[PDB]
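Asks: Mind looking over this structure? Questions follow.
When we count neighbours, we look across all protein chains shown, and the Cβ atoms used for this are built from the backbone with ideal geometry, even at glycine. Every read-out reported here was derived from the displayed coordinates using simple, explicitly stated rules and does not represent laboratory data.
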Amino acid sequence: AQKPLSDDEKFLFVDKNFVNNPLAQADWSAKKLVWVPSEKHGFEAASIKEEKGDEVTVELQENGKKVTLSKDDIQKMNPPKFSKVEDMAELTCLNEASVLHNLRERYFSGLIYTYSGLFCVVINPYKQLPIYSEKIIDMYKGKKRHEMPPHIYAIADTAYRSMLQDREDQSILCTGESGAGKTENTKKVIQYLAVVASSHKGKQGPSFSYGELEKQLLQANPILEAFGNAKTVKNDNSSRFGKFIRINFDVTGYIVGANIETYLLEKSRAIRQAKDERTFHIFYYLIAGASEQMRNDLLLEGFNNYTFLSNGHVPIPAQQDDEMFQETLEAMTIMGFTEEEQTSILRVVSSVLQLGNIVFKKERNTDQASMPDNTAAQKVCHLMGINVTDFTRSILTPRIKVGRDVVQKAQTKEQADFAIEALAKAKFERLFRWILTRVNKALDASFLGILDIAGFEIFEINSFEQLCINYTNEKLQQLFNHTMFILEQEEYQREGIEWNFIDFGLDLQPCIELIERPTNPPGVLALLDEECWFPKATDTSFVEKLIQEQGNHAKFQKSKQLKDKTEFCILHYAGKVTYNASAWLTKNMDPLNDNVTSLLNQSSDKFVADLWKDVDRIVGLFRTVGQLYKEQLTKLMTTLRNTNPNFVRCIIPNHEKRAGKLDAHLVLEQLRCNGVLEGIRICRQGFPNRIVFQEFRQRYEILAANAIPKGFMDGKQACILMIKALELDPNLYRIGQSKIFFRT
Amino acid sequence: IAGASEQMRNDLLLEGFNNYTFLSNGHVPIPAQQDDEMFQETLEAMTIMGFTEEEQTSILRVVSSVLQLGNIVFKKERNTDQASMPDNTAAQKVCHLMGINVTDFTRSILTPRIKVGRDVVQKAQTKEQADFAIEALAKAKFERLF
């Protein structure tokens, strides 16, 4: 009976304009209508016919087939009115059958994001839905949530608003597997603040005049795609990196500081390419676009006459390394690298060819390996703003100091060509993070933290790069649980407030243990930290130690007999993956040498002094990559613990990259994985917010001038006066001992 | 509490003698001075010095919020041990004579979004930590006043 809804705006507002049918009210006569289990629909519709103790001959009202089923299988039927709803928590009947059901008929109408009590579900459409421009800023601008339907700019204001209100320091974390949509629901928030939270020299579609700091703010991505991507078996050009932002605010709340961080790289192949694979883009290009003159000047050895351009020249389908030389030479200029820097990035071809060569090639005789090329270190440390001798010294001999004993010693290949693969590829990483420095430099009471996860994946050859990819996912996931199940109901016992305890079985820590648990029987990372520090230890004995320690665990699985390849299939929250272990040992090691970290801490040049002032973690006695990246994710995860986790929970419909295609069982897998039904089952029950009764008495005495008359009593009862004089409901609040627990 | 006129008796938020815990020995009388009228007197004396038409009631309020703070009782909620505060007029009558932020008084007085090192650190306060700090606040407001 309302207005016609726009064709577009159907993707924002529910199609409400349907028909007053009597059938939905007559049909109730079939009073044993129930939801029943189904592999294809998830659940479906049936009716009890005959009560056999705990069985009942239930009968389908789709197929008509009698199926004797149990009192516990049959799940309560929801009323027709709840179709495709705005919040999932409204469904009177919560039970898996139907908590699943809300999404299927919804996404196909256009309606992607949906509120689910505390968190919000954000499925992928794979379609350019028009829901952005200053129309959608200023529609949603400064907006109390109820006036703007379930879509992203509501989370974005609610960050900026709450921070100046409840004054929790707010954060934004986007979750869910690969493709799902996280990267992009991060960038859109930078668009939001650049106009809204900034300030203005005085003062539509894309157009408005943002300030100066706010203009610089954007121009980063296109370079790292050449010097970082490399030809695989799955994809001849796939990326391998993933990111974060903090946003510091002044006294008045404006954008003042902004701090971007990226996490880890496929940093390994340069000195081991598999048969028919290729290396980092640019090498092949410098040999190809090689004019004779700079073939002599830039120190070019020829096609195949290389240590580790394996498989000779493997070509590439539909790309020609020749011309691609020029295009990828062009990109570096935009956010700003000079020609000193670029004759240097020409010898950063010589430095990624020689970061195929700054590797302490396993020294067969002594075992503790050493630096092949001076010129390579010379290229490197000058282009990391420290010193070249001071580097290599430390990178062989840590000149550390415990007690009397100046712990001066050699590092092994694994130790030294780890702190120098952990710095050939924290050259490739903290120099990827030097691109990140060249941004943050112009970018830095209150702050906003935001996180673009590298998204849960399955290659065929998964490796530490993916061990971490489907670790961040998993690590963020036990944050979610501890925040939203356990600690919650603990406080529910506490306050004197009526609520009985429910357990959900949502400690996903068992898969996370299975990777991350240091003591007790250790998991993948912990066995590999130990194995990284180990001579008797082969990527082989890593998987042998994994079978040895884990084996029988109800989230773990061996290889498909390929002990020979040495690989392990595991149940992570979102099901299963195979990792392969060849050359993993080193990939867990990063023993962050403080000798270098401190020269980097006290570095001179425009490059480094900023990005290494994170001196805390560093080996004063200590950490690996596995550990470092548990810890980097703890610098994140435990200050995230002490911020507000606004989660933007992205959900995959298909693995077929397709428009349209949902699979309800793939989604139902990712619901059990994301811990959805139970994240909704807590937030239906209790009371998300929590504050005391004074937030009642003050801010509204103005609202009802008569409310407390001559005389005063207890704060609870006195606020209860203006409370009932503004009709505030006896279960909307929970006036507890200290806290008013407030619902949604 | 004694020479309250019925309008500012309910405005400057007056309950009777011994409804403040921080006034001990009940109400001890004084010889040959009766606090009752001595109120009215000092109020005159204000107008002679030129304490303003509103200001007089403002000095009286700061006083009375100090009088108020000691209704803030912390009961050992013994399943964190990091226990919090039942009544609100305890804080309310305090913070209507304060006008600070009502939300944030208690949310500070229970969760210090504080500072360890040089950044923001959250902690819930214990019963013990919450009592002692609020106590300091009660008294310190009277000093700021003088």
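Asks: Scan the helices (runs of 4 or more DSSP H) fully inside region A:481-542 and keep the ones with 1 or more residues being within 14 Å of chain B (Cβ to nearest Cβ).
Replies: Per the criteria, A:487-494.
Asks: Mind checking whether some residue in region A:622-631 is in contact with a strand residue (DSSP E or B) (Cβ under 9 Å, 6 or more places away or on another chain), more than 14 Å from chain B (Cβ to nearest Cβ) and in a helix (DSSP H, G or I)?
Replies: No, there is no match, as no residue in region A:622-631 is in contact with a strand residue (DSSP E or B) (Cβ under 9 Å, 6 or more places away or on another chain), more than 14 Å from chain B (Cβ to nearest Cβ) and in a helix (DSSP H, G or I).
Asks: A:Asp405: in a loop (DSSP other than H, G, I, E, B), farther than 23 Å from A:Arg269 by Cα and of a type in the set (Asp, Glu), yes or no?
Replies: The answer is yes for A:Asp405.
Asks: Any chance you could count how many residues in region A:713-724 are surrounded by 15 or more Cβ atoms within 10 Å (Cβ to Cβ) and more than 7 Å from chain B (Cβ to nearest Cβ)?
Replies: Total satisfying the criteria: 5.
Asks: Does region A:26-38 contain at least one residue that is in a helix (DSSP H, G or I) and either of a type in the set (D, E, K, R) or closer than 30 Å to A:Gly679 by Cβ (or both)?
Replies: Checked region A:26-38: at least one residue is in a helix (DSSP H, G or I) and either of a type in the set (D, E, K, R) or closer than 30 Å to A:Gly679 by Cβ (or both).
Asks: Taking the condition of being surrounded by fewer than 18 Cβ atoms within 10 Å (Cβ to Cβ) and closer than 17 Å to A:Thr158 by Cα, how many residues in region A:99-133 meet it?
Replies: The qualifying residues number 0.
Asks: In the list A:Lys657, A:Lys661, A:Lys710, which residue meets the criterion of being surrounded by fewer than 18 Cβ atoms within 10 Å (Cβ to Cβ), of a type in the set (D, E, K, R), outside any helix (DSSP H, G or I) and within 14 Å of chain B (Cβ to nearest Cβ)?
Replies: Checking each option against the conditions leaves just A:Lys710.
Asks: Given the condition over 30 Å from A:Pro130 (Cβ atoms), crowded, with 16+ Cβ neighbours inside 10 Å and more than 45 Å from the chain's Cα centre (by Cα), answer yes or no: does some residue in region A:58-70 qualify?
Replies: no
Asks: Here is a follow-up. Taking the conditions exactly as written (in contact with a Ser or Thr (Cβ under 8 Å, 6 or more places away or on another chain) and within 14 Å of chain B (Cβ to nearest Cβ)), does A:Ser162 satisfy them or not?
Replies: It is false that A:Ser162 is in contact with a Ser or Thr (Cβ under 8 Å, 6 or more places away or on another chain) and within 14 Å of chain B (Cβ to nearest Cβ).
Asks: Would you check if A:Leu611 is of a type outside the set (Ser, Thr, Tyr), within 24 Å of the chain's Cα centre (by Cα) and away from every other protein chain (no Cβ under 14 Å)?
Replies: Yes: the conditions hold for A:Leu611.
Asks: Checking A:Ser29 against (1) surrounded by fewer than 16 Cβ atoms within 10 Å (Cβ to Cβ); (2) within 23 Å of A:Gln670 (Cα to Cα): exactly one of these is not met. Which one?
Replies: Of the numbered conditions (1) surrounded by fewer than 16 Cβ atoms within 10 Å (Cβ to Cβ); (2) within 23 Å of A:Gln670 (Cα to Cα), the odd one out for A:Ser29 is (2).
Asks: Another question about this same structure. Taking into account only those residues within region A:326-367 that are touching a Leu at 6+ places or on another chain (Cβ under 8 Å) and among the hydroxyl-bearing types (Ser, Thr, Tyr), which is nearest to A:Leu585 (Cα to Cα)?
Replies: Step by step, filter region A:326-367, then rank; the result is A:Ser351.
Asks: Another question about this same structure. Within region A:150-187, track down each residue that is assigned to a loop (DSSP other than H, G, I, E, B) and over 26 Å from A:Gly660 (Cβ atoms).
Replies: Result: A:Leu164, A:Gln165, A:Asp166, A:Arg167, A:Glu168, A:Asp169.
Asks: Between a residue in region A:657-682 that is over 16 Å from A:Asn102 (Cβ atoms) and any residue that is aromatic (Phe, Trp, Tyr) and surrounded by fewer than 18 Cβ atoms within 10 Å (Cβ to Cβ), which pairs come within a Cβ distance under 9 Å, given they are 6 or more apart or on different chains?
Replies: Final answer for the pair search is A:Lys657/A:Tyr126; A:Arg658/A:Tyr126; A:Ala659/A:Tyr126; A:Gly660/A:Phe108; A:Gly660/A:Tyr126; A:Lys661/A:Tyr126; A:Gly675/A:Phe504; A:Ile682/A:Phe504.
Asks: Take the residues in region A:664-694 that are within 14 Å of chain B (Cβ to nearest Cβ) and surrounded by fewer than 23 Cβ atoms within 10 Å (Cβ to Cβ), then tell me which one is farthest from B:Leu110 (Cα to Cα).
Replies: Among residues in region A:664-694 that are within 14 Å of chain B (Cβ to nearest Cβ) and surrounded by fewer than 23 Cβ atoms within 10 Å (Cβ to Cβ), the one farthest from B:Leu110 (Cα to Cα) is A:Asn689.
Asks: Is it the case that some residue within region B:120-138 is within 11 Å of chain A (Cβ to nearest Cβ), over 20 Å from the mean Cα position of the chain (by Cα), of a type in the set (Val, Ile, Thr) and exposed (fewer than 14 other Cβ atoms within 10 Å of the Cβ)?
Replies: Yes, that holds for at least one residue.
Asks: I've got another one for you. Just give me the residues in region A:287-318 being farther than 17 Å from A:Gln273 by Cβ and surrounded by 13 or more Cβ atoms within 10 Å (Cβ to Cβ), in sequence order.
Replies: A:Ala288, A:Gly289, A:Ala290, A:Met294, A:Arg295, A:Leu298, A:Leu299, A:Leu300
Asks: Give the residue that is farthest from A:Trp434 (Cα to Cα), with candidates limited to residues of region A:374-402 that are part of a helix (DSSP H, G or I) and basic (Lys, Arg).
Replies: A:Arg393
Asks: Let me spell it out: the conditions are (1) more than 14 Å from chain B (Cβ to nearest Cβ); (2) surrounded by fewer than 20 Cβ atoms within 10 Å (Cβ to Cβ), and A:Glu214 meets all of them except one. Which number is the exception?
Replies: Of the numbered conditions (1) more than 14 Å from chain B (Cβ to nearest Cβ); (2) surrounded by fewer than 20 Cβ atoms within 10 Å (Cβ to Cβ), the odd one out for A:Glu214 is (2).
Asks: From the set of residues in region B:97-113 that are in contact with a strand residue (DSSP E or B) (Cβ under 7 Å, 6 or more places away or on another chain) and under 14 Å from B:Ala133 (Cα atoms), which is farthest from the other protein chains (Cβ to nearest Cβ)? So that I can check it myself, show each step before the final result.
Replies: Filtering region B:97-113 for residues in contact with a strand residue (DSSP E or B) (Cβ under 7 Å, 6 or more places away or on another chain) gives B:103, B:107, B:111, B:113.
Applying the additional criterion that residues be under 14 Å from B:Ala133 (Cα atoms) yields B:107, B:111.
Details: B:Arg107: 7, B:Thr111: 10 Å.
Per the stated criteria, the residue is B:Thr111.
Asks: Would you please name the residue that is nearest to the other protein chains (Cβ to nearest Cβ), looking only at residues in region A:444-480 that are part of a strand (DSSP E or B) and among the small types (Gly, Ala, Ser)?
Replies: Initial filter on region A:444-480 (part of a strand (DSSP E or B)): A:446, A:449-452.
Right, trim to among the small types (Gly, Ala, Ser) and you get A:446, A:449.
Working: A:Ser446: 9, A:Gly449: 11 Å.
Checking each candidate, the answer is A:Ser446.
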